[PDB]
Amino acid sequence: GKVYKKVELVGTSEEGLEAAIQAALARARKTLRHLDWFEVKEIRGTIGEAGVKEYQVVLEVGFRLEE
Amino acid sequence: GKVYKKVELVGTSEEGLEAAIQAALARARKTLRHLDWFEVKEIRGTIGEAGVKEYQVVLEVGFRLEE
Amino acid sequence: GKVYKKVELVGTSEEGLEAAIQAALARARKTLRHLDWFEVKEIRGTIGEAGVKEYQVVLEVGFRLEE
Amino acid sequence: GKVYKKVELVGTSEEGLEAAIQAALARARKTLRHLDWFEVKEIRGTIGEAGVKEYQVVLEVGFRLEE
Amino acid sequence: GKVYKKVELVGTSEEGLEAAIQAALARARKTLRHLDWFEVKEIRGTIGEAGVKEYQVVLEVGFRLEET
Amino acid sequence: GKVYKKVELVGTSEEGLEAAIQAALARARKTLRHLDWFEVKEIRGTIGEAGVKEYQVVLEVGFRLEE
Amino acid sequence: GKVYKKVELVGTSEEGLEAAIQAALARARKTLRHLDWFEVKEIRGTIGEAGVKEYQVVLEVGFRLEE
Amino acid sequence: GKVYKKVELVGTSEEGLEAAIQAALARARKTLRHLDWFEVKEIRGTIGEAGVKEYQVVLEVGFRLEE
Amino acid sequence: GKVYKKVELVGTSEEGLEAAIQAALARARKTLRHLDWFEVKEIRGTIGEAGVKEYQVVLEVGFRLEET
Amino acid sequence: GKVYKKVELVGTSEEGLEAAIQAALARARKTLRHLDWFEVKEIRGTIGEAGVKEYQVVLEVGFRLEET
Amino acid sequence: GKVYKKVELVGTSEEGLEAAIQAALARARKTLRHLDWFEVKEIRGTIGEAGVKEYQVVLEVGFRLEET
Amino acid sequence: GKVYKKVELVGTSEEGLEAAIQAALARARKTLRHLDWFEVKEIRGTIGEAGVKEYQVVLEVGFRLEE
Ligand SMILES: [Cl-]
Ligand SMILES: [Cl-]
Ligand SMILES: [Cl-]
Ligand SMILES: [Cl-]
Ligand SMILES: [Cs+]
Ligand SMILES: [Cs+]
Ligand code: NA
Ligand code: NA
């Protein structure tokens, strides 16, 4: 029947976790069609003087393949 | 001595991670007694036109069993 | 060449996930030099009357070592 | 929002994998309401003189919690 | 054919691992029928002045589900 | 020497496991060249009134890249 | 008391998953005594013109040892 | 230089964990030479009327190979 | 709020698992303050003529850190 | 902010691990822009009469995605 | 159809990873027929005054079984 | 009896895998006594114009503690 594909992206953001997820999804929407779900694989980040510099959320994004 | 039980729930929310966790704890409180701790096992979600539609946090809820 | 070391900490907070992470980092800054990055290993917490009492994020902090 | 629960079952069958999955789902339908999805965790079995005696499929079954 | 169910329990004991395990099974027997096997998932515990205060063994208990 | 690439697909089918795998390979053949092997990563599915509604097999498909 | 041993085999077949498993078991019966149970570790395969050429199921076979 | 080999065994015993391990080692000593180390992979068991019927410890035994 | 640190130790013992664990905790209380819990990560060991020579239990010890 | 992408490649080489890795990156450079890091997932290979025929290193290559 | 068996070996070497691997395969071809592939499971080693004393690579060797 | 401790380090090097490991050991020898064994946990690295910029090997170093 239907077939899906999953790509692995790493969304980053200095705001927070949800923000990094959205950044990844925002860029994904630009070149992928029929985005359906995502799965967080990892949550890491860089440290700066104020603490968390950038939050990086590794995630898989699943989308339906046309035909 | 004491014995605990763990149930796996999946809390969802359109607002965020914490929210989805709280939603699962909220509903757990209604039928489970002596809730002690939780563990997040997965963080996934659905995608909509605006990006994240629903955040789904799969977690285990540990509670003490009565004798 | 360079060499890094990783330490495992557990930041806690009643505010949220990001907060618990910053708390760990904050305290790490006090005794460790050259903090570079962090990795989230686990996300767990305690349950109170109002739901989540305290969020506990187990994370590894990596930092550069002096030759 | 909505909250789901997952229970772990082990469906068995001498016919095959799909059969063992269905056996588990058949019994689940008897006492659980709003079954939505399943996830295969393990696939094992017992050996007899003709080879596979019983196929055992360990799976999690997710269902929506009412209210 | 047959269909089993697995619940996750955490047995505790100040004595030792084997005790923690039995503690969890003892309580399991009280409300579950047809217990068949168990699998240890984690072994952890609390620390006191004398060392290990309590041993906590997280395990899964498998049991046979009946007809209806 | 030679280099291969792996894509993650999710083949679905209402008939069975093999079927869902074939569905993913079928669609992969249409846009990928030199398909060599596959690996099943997860087996999950939806539930309907009759039990299993759709079998979903997540798998990785390996293929040789051209120079 | 009793003691078991586990060996890792890889059954193959062009028919299907169950077939590949029986093939491994069949051949195990020829040199091993007291086969008790098996565990599926991986499911993979090769790709041909018609889709799946050969299904390969990596499994562990456990059997009782003679004192 | 030296080359070792590892075999996976499952020691059983109604006494306890240490017992089950010893049982496996005892039987291993009978057909394997130069036993050096072991690694516990799993700990499970059966359940009887008095609780633990038998303790089963899955472990790998490593020994040096001759040449 | 509070912050904890975890260190990985390997307690050995010729007696048994619980012993190996206690060994590690004993040594741990000598240089670490506020020990709270432990998590067993691996269980391995050396083989001797009598079977198990020494039981080695890899565990993580978690303790609270002082702001100072 | 920035968003990266990861593709999984399998570099092969009769020379050694390091070579297999470079082989995969070399080919990666041909069609991917802004390569930043790689992570080794598996190390396997084929066996010949002389021993290792080919080393195969499965790895993930991370790269920065552009604006549009 | 065909059936393969996998054995776990640990190849050691003071030279390097690839060497350790070759060591294991060399010994393997002495008592096993039809070796086809290997999979590295772990990489560990012993420490000496000069750093790495011996590299130990745990790997699984897969070979085809003969019906007979 | 004896008690060991393990620290996680990340050796780096532009030369190779063995180099990166040695680097970490070298630096470990400077502040840790009785180094016995190491375990490789991860192998990653950065990418430059010539391919591998630097090899990074995450490993745990175990040493005996005194008393
Ligand atoms: Cl792609
Ligand atoms: Cl339940
Ligand atoms: Cl430390
Ligand atoms: Cl063997
Ligand atoms: Cs004991
Ligand atoms: Cs090398
Ligand atoms: Na958050
Ligand atoms: Na099937």
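Counting starts from 1 on each chain and goes along its sequence as written, which need not follow the entry numbering; residues with no coordinates are hidden. Think of it this way: whatever chain is written first is A, whatever ligand is written first is 1, and the rest follow in order. In computing side-chain values, all of the structure's heavy atoms are included and hydrogens and water are not.

- As deposited, the entry is annotated with X-ray crystallography as its determination method and 2.45 Å as its resolution.

Overview of the interface of chain K and chain G
- Of the residues lining the interface, 12 residues belong to chain K; the matching set on chain G comes to 13 residues.
- Both sides together, the interface formed by chain K and chain G hides about 1,000 Å², and carbon and sulfur atoms give 48% of it.
- In terms of surface lost to chain G, no three residues of chain K exceed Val3, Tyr4 and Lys6 of chain K, which account for 42% of the buried area on that side.
- Whenever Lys or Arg places a side-chain nitrogen within 4 Å of a carboxyl oxygen from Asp or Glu, that contact is recorded as a salt bridge. Where chain K touches chain G, the interface holds 2 salt bridges.
- A salt bridge links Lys6 of chain K to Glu8 of chain G, with the nearest nitrogen and oxygen atoms 3.4 Å apart.
- Definition of a polar contact: a pair of N or O atoms within 3.5 Å, with one able to donate and the other able to accept a hydrogen when the atoms are protein atoms, and with sequence-neighbouring residues admitted only if both atoms are side-chain atoms. Inspection of the region where chain K meets chain G yields 6 residue pairs in polar contact. Here, residues are in contact when the closest pair of their heavy atoms is within 4.5 Å. When two components associate, each loses some accessible surface as probed by a 1.4 Å sphere; the sum of these losses over both components is called the buried area.

Details of the packing of aromatic side chains
- Aromatic pairing here means that ring centres of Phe, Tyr or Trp (its six-membered ring) are within 6.5 Å. Orientation follows from the plane angle: under 30 degrees is stacked, over 60 is edge-to-face, and everything else is tilted. According to the stated counting rule, one finds 24 aromatic pairs over all chains in the structure shown.
- Look at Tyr4 of chain D and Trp37 of chain D: their rings are 5.6 Å apart centre to centre, the planes differ by 70°, and that puts the pair in the edge-to-face class. A residue pair is termed long-range when its members are at least 10 positions apart, and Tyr4 of chain D in strand β1 (residues 3-13) and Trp37 of chain D in strand β2 (residues 35-48) qualify at 33 residues.
- Residue exposure (1.4 Å probe, protein chains only): buried if accessible area is under 20% of the type maximum, exposed if over 50%, otherwise partly exposed. For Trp37 of chain D, a relative accessible area of 16% corresponds to the buried category.
- Taken together, a centroid distance of 5.6 Å and an interplanar angle of 75° make the contact between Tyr4 of chain E and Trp37 of chain E edge-to-face. Helix and strand assignments follow DSSP, with helices taken as H or I runs no shorter than four residues and strands as E runs no shorter than two, numbered in order from the N terminus.

A closer look at the interface of chain A and chain C
- Residue-level contacts link 15 residues of chain A with 14 residues of chain C.
- Summed over both partners, the interface of chain A with chain C comes to about 1,200 Å²; 59% of that surface belongs to carbon and sulfur atoms.
- Looking at the side of chain A facing chain C, the largest losses of area belong to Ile43, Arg44 and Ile47 of chain A, adding up to 46% of the total buried there.
- Across the pair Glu39 of chain C and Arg44 of chain A runs a salt bridge whose closest N-O atoms are separated by 3.3 Å.
- At the level of secondary structure, the elements contributing two or more residues to the side of chain A that touches chain C comprise α1 (17-31), β2 (35-48) and β3 (51-64) of chain A.
- The nonpolar class holds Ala, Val, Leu, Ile, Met, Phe, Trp, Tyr, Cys and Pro. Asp, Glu, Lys and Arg form the charged class, and all remaining residues, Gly among them, are polar. Across the side of chain A that touches chain C, the residue classes break down as 6 nonpolar, 5 polar and 4 charged.
- Think of it this way: DSSP has to see at least two bridges between two strands before they count as a pair. When β2 of chain A meets strand β2 (residues 35-48) of chain C, the two strands line up antiparallel, connected through 3 bridges. Across the sheet, the residue bridging to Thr46 of chain A is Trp37 of chain C, located in β2 of chain C.

Overview of the coordination of the sodium ion (ligand 8)
- Donor atoms from the polypeptide that coordinate the sodium ion (ligand 8) comprise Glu18 of chain D (OE), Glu18 of chain F (OE), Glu18 of chain G (OE) and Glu18 of chain G (OE), at 2.7 to 2.9 Å from the metal. In this pair, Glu18 of chain D sits in helix α1 (residues 17-31) while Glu18 of chain G sits in helix α1 (residues 17-29), so the two residues belong to two different chains.
- According to the relative accessible area criterion, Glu18 of chain D is buried, its value standing at 18%. Water is not among the atoms examined, so metal sites may look incomplete; donors are the N, O and S atoms within 2.8 Å of the metal, or within 3.2 Å for Na, K and Ca.

Quick word on the arrangement of the chains
- One finds no contact between chain E and chain J; the C-alpha atoms of the two approach each other to within 25 Å at their closest.
- Considering only C-alpha positions, the minimal separation of the non-contacting chain B and chain K is 25 Å.

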